[PDB]
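Chain by chain, the residues:
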Amino acid sequence: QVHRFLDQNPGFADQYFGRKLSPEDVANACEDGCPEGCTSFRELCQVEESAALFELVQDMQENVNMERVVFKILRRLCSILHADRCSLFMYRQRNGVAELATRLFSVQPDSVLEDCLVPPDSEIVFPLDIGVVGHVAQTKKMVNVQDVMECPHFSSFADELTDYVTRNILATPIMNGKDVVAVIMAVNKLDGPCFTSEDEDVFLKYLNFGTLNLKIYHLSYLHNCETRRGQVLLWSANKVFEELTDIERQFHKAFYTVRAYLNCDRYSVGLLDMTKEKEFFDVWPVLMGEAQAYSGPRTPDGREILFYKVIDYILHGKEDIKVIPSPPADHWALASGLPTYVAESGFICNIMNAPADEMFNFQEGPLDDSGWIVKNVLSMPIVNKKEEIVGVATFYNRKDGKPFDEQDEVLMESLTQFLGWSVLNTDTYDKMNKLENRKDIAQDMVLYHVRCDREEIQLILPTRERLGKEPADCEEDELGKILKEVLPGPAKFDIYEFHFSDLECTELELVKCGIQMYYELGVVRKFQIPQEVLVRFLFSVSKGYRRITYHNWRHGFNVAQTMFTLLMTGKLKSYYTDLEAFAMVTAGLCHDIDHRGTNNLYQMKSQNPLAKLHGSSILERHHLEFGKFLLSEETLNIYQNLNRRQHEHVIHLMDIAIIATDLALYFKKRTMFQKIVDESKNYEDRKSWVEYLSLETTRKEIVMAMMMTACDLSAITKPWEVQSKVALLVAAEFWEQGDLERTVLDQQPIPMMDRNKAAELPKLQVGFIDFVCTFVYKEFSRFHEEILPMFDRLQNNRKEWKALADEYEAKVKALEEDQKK
Amino acid sequence: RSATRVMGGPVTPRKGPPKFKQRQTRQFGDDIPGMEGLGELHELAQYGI
Amino acid sequence: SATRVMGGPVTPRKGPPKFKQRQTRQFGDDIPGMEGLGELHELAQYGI
Amino acid sequence: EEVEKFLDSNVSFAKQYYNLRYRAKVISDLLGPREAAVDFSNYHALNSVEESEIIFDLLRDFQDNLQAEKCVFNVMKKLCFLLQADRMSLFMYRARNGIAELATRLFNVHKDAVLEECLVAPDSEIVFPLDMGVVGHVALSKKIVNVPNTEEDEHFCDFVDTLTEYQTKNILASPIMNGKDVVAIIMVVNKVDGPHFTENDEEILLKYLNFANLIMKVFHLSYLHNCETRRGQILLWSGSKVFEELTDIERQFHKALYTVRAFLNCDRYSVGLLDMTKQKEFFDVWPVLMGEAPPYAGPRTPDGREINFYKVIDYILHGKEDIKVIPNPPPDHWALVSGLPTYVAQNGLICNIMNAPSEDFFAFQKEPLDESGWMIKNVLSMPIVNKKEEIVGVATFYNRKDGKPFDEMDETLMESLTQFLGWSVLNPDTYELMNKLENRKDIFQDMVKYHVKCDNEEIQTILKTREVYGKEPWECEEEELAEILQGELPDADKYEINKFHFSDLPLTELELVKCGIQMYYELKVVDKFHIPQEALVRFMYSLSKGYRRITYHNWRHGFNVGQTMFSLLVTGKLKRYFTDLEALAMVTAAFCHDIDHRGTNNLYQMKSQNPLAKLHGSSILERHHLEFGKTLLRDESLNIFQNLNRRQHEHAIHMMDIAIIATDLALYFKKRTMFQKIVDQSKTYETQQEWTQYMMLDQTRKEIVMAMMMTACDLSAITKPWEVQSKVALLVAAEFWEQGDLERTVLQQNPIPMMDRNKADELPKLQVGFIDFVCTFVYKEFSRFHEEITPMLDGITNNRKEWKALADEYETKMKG
Ligand SMILES: Nc1nc2c(ncn2[C@@H]2O[C@@H]3COP(=O)(O)O[C@H]3[C@H]2O)c(=O)[nH]1
Ligand SMILES: Nc1nc2c(ncn2[C@@H]2O[C@@H]3COP(=O)(O)O[C@H]3[C@H]2O)c(=O)[nH]1
Ligand SMILES: [Mg+2]
Ligand SMILES: [Mg+2]
Ligand SMILES: [Zn+2]
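(A) Representation of the arrangement of the chains in the model. Ranked by contact count, the leading pair among the five pairs of chains in contact consists of chains A and D. One thing to see here is that chain B and chain C don't touch, and their nearest C-alpha atoms sit 25 Å from each other.

(B) Representation of the domain arrangement of chain D within the structure. We note that the domain assignment places domain 1 (14-16 + 19-225), domain 2 (228-434) and domain 3 (456-812) within chain D. Taking only C-alpha atoms into account, the centre of domain 2 of chain D sits 63 Å from that of domain 3 of chain D.

(C) Geometry of the pairing of strand 2 (residues 100-109) of chain D. All names here are of chain D. Across the 10 residues that make up strand 2, a large majority, nine, are buried. Relative to strand 2, strand 1 (residues 88-95) runs antiparallel, the two being bridged by seven bridges. Across the sheet, the residue bridging to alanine 95 is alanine 100, located in strand 2. Where strand 2 and strand 3 (residues 128-129) come together, two bridges link them in antiparallel fashion. Pairing of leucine 102 across the sheet is with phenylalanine 128, part of strand 3.

(D) Broad picture of the UniProt feature "domain: GAF" in chain D. All names here are of chain D. Those places that UniProt annotates as "domain: GAF" correspond, in this numbering, to residues 67-216 and 248-425. Helix and strand shares over residues 67-216 are 35% and 26% respectively, and the end C-alpha atoms of the span are 10 Å apart. The distance separating the terminal C-alpha atoms of residues 248-425 is 9 Å; by composition the span is 24% helix and 20% strand.

(E) The arrangement of the side chain of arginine 546 of chain A in detail. Along the chain, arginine 546 of chain A falls in the loop between helix 19 (531-544) and helix 20 (554-568). Among the residues examined, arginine 546 of chain A registers a relative accessible area of 10% and is labelled buried. For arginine 546 of chain A, the side chain forms a polar contact with the side chain of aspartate 594 of chain A, separated by 2.4 Å. Excluding residues that lie within four positions of it along the chain, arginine 546 of chain A makes contacts with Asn552, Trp553, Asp594, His595 and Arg596 of chain A together with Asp446 and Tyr450 of chain D.

(F) Geometry of the interface of chain A and chain D. Taken together, the contact between chain A and chain D spans 137 residues of the former and 130 residues of the latter. Summed over both partners, the interface of chain A with chain D comes to about 12900 Å²; 68% of that surface belongs to carbon and sulfur atoms. Of all residues in chain A, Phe241, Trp284 and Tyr448 of chain A give up the largest surface area on contact with chain D, accounting jointly for 6% of the area buried on that side. Counting the contacts that link chain A with chain D gives 14 salt bridges. Here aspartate 7 of chain A and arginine 21 of chain D are joined by a salt bridge, their closest N and O atoms 3.3 Å apart.

(G) Representation of the site of ligand 2 within the structure. Residue and element names in this part refer to chain D. Looking at ligand 2, there are 19 residues lining it, with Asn108, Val134, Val135, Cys157 and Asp161 nearest. A distance of 3.0 Å separates an oxygen atom of ligand 2 from a polar backbone atom of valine 135. Here ligand 2 loses 100% of its free accessible area of 480 Å² to cover by the protein chains. Of all elements in the fold, only strand 1, strand 2, helix 7 (133-141) and helix 8 (159-164) reach the threshold of two or more residues within the shell around ligand 2. Of the residues assigned to the shell around ligand 2, the class counts are 11 nonpolar, six polar and two charged.

(H) Structural view of the coordination of the magnesium ion (ligand 3). Surrounding the magnesium ion (ligand 3) are the protein donor atoms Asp592 of chain A (OD) and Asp592 of chain A (OD), at 2.3 to 2.8 Å. Tracing the chain through its elements places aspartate 592 of chain A in the loop between helix 21 (578-589) and helix 22 (600-605).

(I) Structural detail: the pattern of salt bridges. All chains considered together, the criterion is met by 117 salt bridges over all chains. A salt bridge links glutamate 409 of chain A to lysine 21 of chain B, with the shortest nitrogen-to-oxygen separation between them at 3.2 Å. Of this pair, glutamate 409 of chain A sits in helix 14 (residues 406-421) while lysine 21 of chain B sits in the segment before helix 1 (41-46), on two different chains. The two residues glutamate 409 of chain A and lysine 21 of chain B agree in class, both being buried. A salt bridge links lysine 815 of chain D to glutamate 811 of chain D, with the nearest nitrogen and oxygen atoms 2.6 Å apart. Each member of the salt-bridge network shares a partner with another, and the members are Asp739, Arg742, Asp754, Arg755 and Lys757 of chain A.

(J) Region of the structure containing the sheet that holds strand 9 (residues 324-327) of chain D. Here we have seven strands laid out as an open sheet, ordered 1(C)-10(D)-11(D)-12(D)-7(D)-8(D)-9(D), and antiparallel in their pairing. Bordering the open sheet on either side are strand 1 (20-21) of chain C together with strand 9 of chain D, each of which pairs with just one other strand. Here strand 11 (residues 378-383) of chain D pairs with strand 12 (residues 393-397) of chain D via four bridges, running antiparallel. Residue pairing across strands places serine 381 of chain D opposite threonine 396 of chain D, the latter belonging to strand 12 of chain D.

(K) Quick look at the packing of aromatic side chains. For the structure on display, the rule yields 89 aromatic pairs over all chains. Taking the centre distance of 5.8 Å and the plane angle of 45° together, the rings of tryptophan 689 of chain A and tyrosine 692 of chain A count as tilted. Separated by three residues within a single helix, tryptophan 689 of chain A and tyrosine 692 of chain A lie in helix 27 (residues 686-695), roughly one turn from each other. By way of ring pairs, the aromatic residues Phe5, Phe12, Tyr16, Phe17 and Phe41 of chain A together with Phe6, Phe13, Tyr17, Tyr18 and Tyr22 of chain D are connected into one cluster. Above the ring of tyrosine 258 of chain D, the side-chain terminus of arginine 261 of chain D is found at 4.0 Å from the ring centroid. Directly above the ring of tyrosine 448 of chain A sits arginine 548 of chain D, whose terminal nitrogen or CZ lies 4.0 Å from the centroid.

(L) Region of interest: the site of ligand 1. All names here are of chain A. In the neighbourhood of ligand 1, 18 residues make up the surrounding shell, with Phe105, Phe126, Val132, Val133 and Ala158 lying closest. For ligand 1, an oxygen atom lies 3.5 Å from a polar atom in the backbone of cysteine 86. One nitrogen or oxygen atom from the main chain of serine 155 is found 3.3 Å from an oxygen atom belonging to ligand 1. Tallying contributions element by element places strand 1 (residues 83-94) first for the shell around ligand 1, with three residues. For the shell around ligand 1, a count of residues per class yields 11 nonpolar, six polar and one charged.

(M) Fine view of the sheet that holds strand 11 (residues 376-383) of chain A. All names here are of chain A. Read from one edge to the other, the open sheet built from six strands follows the order 9-8-7-12-11-10, with strand pairing classed as antiparallel. The sheet is open, and its two borders are formed by strand 9 (322-325) and strand 10 (349-352), each paired with just one other strand. Each neighbouring strand pair of the sheet contributes to a mean axis angle of 15°, computed without reference to strand direction. Here seven bridges tie strand 7 (residues 264-272) to strand 8 (residues 307-314), and the two strands are oriented antiparallel to one another. When the bridges of strand 8 are listed, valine 269 appears paired with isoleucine 311. Across the face of the sheet, helix 13 (residues 338-345) comes into contact with strand 7, strand 8, strand 10, strand 11 and strand 12 (389-398) while running at roughly 140° to strand 12.

Reading the values: rules and limits
Residues numbered from 1 in each chain as written, not as in the entry; some residues may be left out. Chains lettered and ligands numbered in written order. Heavy atoms only, no water. Contact = heavy atoms within 4.5 Å. Domains from an automatic or database assignment. Buried < 20%, exposed > 50% of the residue type's maximum accessible area, 1.4 Å probe, protein only. Helix = DSSP H or I, 4+ residues; strand = E, 2+ residues; numbered from the N terminus. Pairing = 2+ DSSP bridges. UniProt positions renumbered as here; feature names shortened; annotations may be inferred. Polar contact = N/O pair within 3.5 Å; in protein donor to acceptor, adjacent residues only side chain to side chain. Buried area = accessible area lost by both parts, 1.4 Å probe. Salt bridge = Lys/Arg side-chain N within 4 Å of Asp/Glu carboxyl O. Near = heavy atom within 4 Å. Areas by Shrake-Rupley, 256 points an atom, 1.4 Å probe, with all protein chains shown as cover. Nonpolar A, V, L, I, M, F, W, Y, C, P; charged D, E, K, R; others polar. Donors = N, O, S within 2.8 Å, 3.2 Å for Na, K, Ca; no water. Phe/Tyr/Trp six-rings, centres within 6.5 Å; stacked < 30°, edge-to-face > 60°. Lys NZ or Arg CZ within 6 Å of the ring centre and 35° of its normal. Axes fitted to C-alpha atoms, helices over the stretch in contact; angles between N-to-C directions.

In structure tokens form, the structure reads like this:
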């Protein structure tokens, strides 16, 4: 009624308000003596505002609800600032571009939350540079446009869309750690021509509470998103590292396990072919014109895009995960065409309001019977470490109804990136499978080339002639009779004697002698060894040995023949059961199976695959592995009529036997054998020592190892007429290995291996006898007196070699003095 | 009725071709320090042992 | 200092330490859909 | 002036006008920096004006640069004034190893105090367990507690009272909550004027904790968000290095633990790797069992193996980054001397140590480990789990960068890191499995290569260098080898090597090897490409040995196919379209077309799930033959392509790959209309010269022609004269019957009548059907293509006629 007069007299108004108001008040006013706070109503206004902000703080403290608190703050700020209305603009980052979407619109001092809240489907998404609000967000500062007609940033999109006229605009960005949470905005100054600087100061200071509330909301959202990202990464890592599988299984496990942390109604994963090049019979139709070339879209790697399998994860309502092999182009995921574009470009596609999109033919409306409409889409390319797109993952309809923002983009990008790197696991798995299949094929080829064939077994088991049947058909008694009438007797060849020589017997005769040795031990009957299997296994062992100078089939029968003599003529079978003797003679046969003619040292120096697979005792472990694999074959498994415990003991005892043939291993454990031999002299008679030793396990293992290392060098303990010839073959093999060293490795061989130093062979043999064999054979002669001939023959051979070496030395000295001196 | 007088779509004042993000290739190997370290006899030598 | 402690953190009860149990509870074909993830008559008559 | 009466008459208008014109100024002043004007030197009841001033002062601290400690301390000063209080304090809620702890962060806060005299460093905090104290009772009850007398309380502890020389009579405490987790506890110690704290003070505390609740909520949320972000970054960065390549455990662990060195926020951490040898070899267990050496004494893992850190990687980060590796670290090592890694390996328990020098269980260093005075204060050591629950290593993280002891969030972060590392052992183990499997495959491939290679004693059966010159073949000159071969190799005219009616029945396998060598000599590809003649002979003998000794697909079939290819090139005059290199490669492919055939067709390989079927997908046996032949050609002693150029070698290998793969009937059936189109195109041209000139330039048509020639040669047995076909067909039927018997026995499936041994009398009918179906098209099209291949068509026609006669006789016999 007088408002204009109060305006024209600011001094009178200030004087009147500064008057001390009487204790009488108007309405409640929380009058704890508050009428005169330096002004008539400054005390009352202070009290009322303090109460209001305290209520706002109470609302903030429990059950954080940023919408309601921000709405109340805006409602009060509308009255304080005299603005016609206020609004709130949520900040989101889609596709790397900041966007400002409405969350509270047309807020008035007499409005309610329901009439001002903006649902996700009614958002006016202003980009970063298409409005004054965008300019505020970009500049990260307050903007006070006194008159907005001349503002170069103003956009009339919102006011035209909402049937409104905007004159003055005041806005500020809600700030949190250099991240714009939101942008409050007040428009249409109701009283004055524009918003004064005092109104600007009030806008800054009164918005600190809203700043705190939005900071809390943003921090909660960020913490939840980061927790979900950590959980999905950990769960994907757990399933990826569970085992080695293909792309499909690994991706399905990773994607299904983390379905709870994605908060998506639906998402589908499409898998692309990896065939870089088509084979010749597929290129022929295009070149010859019988078929047209593929002119469709291609990956950045110049690859055909063909989703060969799409895994569909439908999570809204009922969980009905589907797998679509060779999906049609009509598939609801592929029909939109977004996965194809993602494959073509390898981009990160974030689609808001999919039905309103123009580039992609998203479906018009309801997809399934439930009327689920695609609204927000985020598509991701799964790229391996080699920058190749393995597949495309697409997510639909975020469960909370909001579009996919930056946080969801990074959350799903971390998952897709982790799974893309996990393709190395699948590549390694498929290379494992390829290598295993190739090794199995090579093993089968070896088995064919080593196993005695159908025709070769008739040389030792003639049954198509004697009986007219194949060996697999004849009964055990028939084959036993055939072997008895075919196999040599124990006296035909002195297989029971330490002086056995193989220089006057054929290889077939050697195999027959091996079968006879098996029969002598009596292990064929008690263990029910299939006789045809025994003959086949021995022939296969004979074939498995190479055709090299020394380490051929003959050396490997002489190793096993010597062990047979040790067991039955040296009477060392007292400490060993029949099963142990059986498994111990078999290991004697597989002593040096597949020896390549080069020693263990050459394997390491030449960097053979053997040296990489084993490392220590290379060739011995290789022989053990080959023998065990050959025995694993059913047609050659003599250990097939054996108990599981018996078979395990046999195999175990074979491992010590074969490996102990290594000379380096023997040199490190011979003192233990010396101690064991010394224990024998402590006992009174042989019977007591037999009783004690036959029950010990480790001591029997040591004795068996030393028996191996004595049988290996048994060629020296042969009569001189045999040792002289055998040493020549040994020297020839070592000379061949030295020549191989000089040629391939370009290294000077040691004198024992040097073909040039052929005249030094007697001296080298004398040194070898004095160093290695002497200990073994002396200790064995001390242990068992029956092995004494194997020591006397060694001493005789040493004497002969010493005589030859002395003759060579005398010749060298005579040449040195008689002319050179 | 919504305070923004629009239903059924987040209408945008921007008319143009959509733009899409670039895949992050920030790497999100031996240059690591310490990488290098991670991976009577004469007669025996004479006789190839 | 406010708490009159200069050296280090001080607890009233001092006994043997208690230590955490390693976390194991939280972490195949049980997942659905993994089952599916992994002139002509005479042609078969002649081996092909 | 008369207006002054009007506002007095109705003061509602005055209130509204003050709101319209001065409310904004009042709010701006109140929310300005300013200061509270409440008299803090007295104890008057709080006026609504003073209450509003206090509220605004508390709201003044709600700035963007939220210093949680300072704002909460200001709230405590105001609460000390309001509550008639003497002192107040705060206890941060920290979660150590399962047992939650409450450590003092603000202490002895009074109305005239400052942050400097109330802030508590991590080295001055008083850690309190959940069980003892009114603080612990408040934390467990999660509710406000008022104690009117400490003497009658059952939880009150005098520890702080004795340690601070203070007496507490009345206690009022309340917890600060974020959701349902306790964040901090605000407690009061003494009522200045009164028996205790009344209900009014309890209401004041609840009213004024809202600001403190919000500030603590902001601080807690920020810390948790930072921790979770760091955990995510650690996981992703470590996965990047884990999936960078396939390496051993040491390299992968070093990469993962060095790439995330910034995210761990630790001054120092060390990782010790345990030995994985569960069982020691027999020669190592012998001395222990024999008394030579004493057995292992002490620290043992729960898995049962000995604790032996064979390699320790220590990452020093407080000053100069000093990443170091200690192979076989001694017990004197600063990381292992404390014994915490050994204890963790013994137990497998996550250990968080606060104030390590004060601990007595472990001998932590109490002297400066570094020259800068670095101290071990807080330690966190954890195992590396592994998928088999086998402790493979121990990761120990020393003093935190911020100085605070490790809490539950740090435990969770490092536990996620160590769990990922333990899960990421499948790749290190698979790396060793890869290496061993590849080495084993190489070993067995060398074994098969030896077993099929012609040895030096078998090459003398043909290359008789020893008995002619006395030298080994590798020593004799090329001219000498040529002379020996000319003396030894047969005559093409005498053996009908370049005829379509060649029969291998009266020839030995060695004779066929010599004939095959003569085939290469006739094409004049030896001198042109300088093929080592010794290598040629050795490779031919290796091909002879490589073919299995099965019924039909023995080496005689391969030599027959090679002879057919040679005759097609020479007698059929198909060499016009092909170069010398292409002819050489084609002949080599023909000889290697069925190398190492098992005797069972592709369907049997697929049905039995043979490793061949799992390796090769489409053409199993043909791809296997191609691979084996190329491996045989890769040997230096067998490589006849060694003297070829790189382009020539690649073209030959490609051409062989096309030829051998096309030998299968399935590929021929699909790609046989192309041959008809090519023949029609040939007949379009006027003179043979123009067609030949067109063909030598086009490559796809040449490839298709050779692909058809491969199948024409593979079925050439039918085109042979009747006296040969009658036996070859029986051999083929015998092999297919063997495969059918194998199917019936192993696969337990009924064989097709073609492979059914019982239906042996139906062989003529099946052969007639075979001729009508597969071979007739090929040979008719080839005869139309070249009139010189007409004898092949005549032979197949005659064989079909005689097979039809036999089938008709059989059918007539079945009538009755
Ligand atoms: N109807 C209405 N429009 C608003 C409101 N706040 C801002 N706008 C309008 O939304 C628009 C966003 O871009 P501008 O800032 O350039 O201009 C703004 C104003 O025109 C409001 O509270 N109510
Ligand atoms: N001198 C002093 N003692 C305190 C303070 N706050 C807590 N205390 C004491 O620390 C103690 C912890 O256990 P109680 O809760 O039973 O009792 C408590 C109080 O006696 C403080 O601010 N000053
Ligand atoms: Mg050996
Ligand atoms: Mg074939
Ligand atoms: Zn063939």
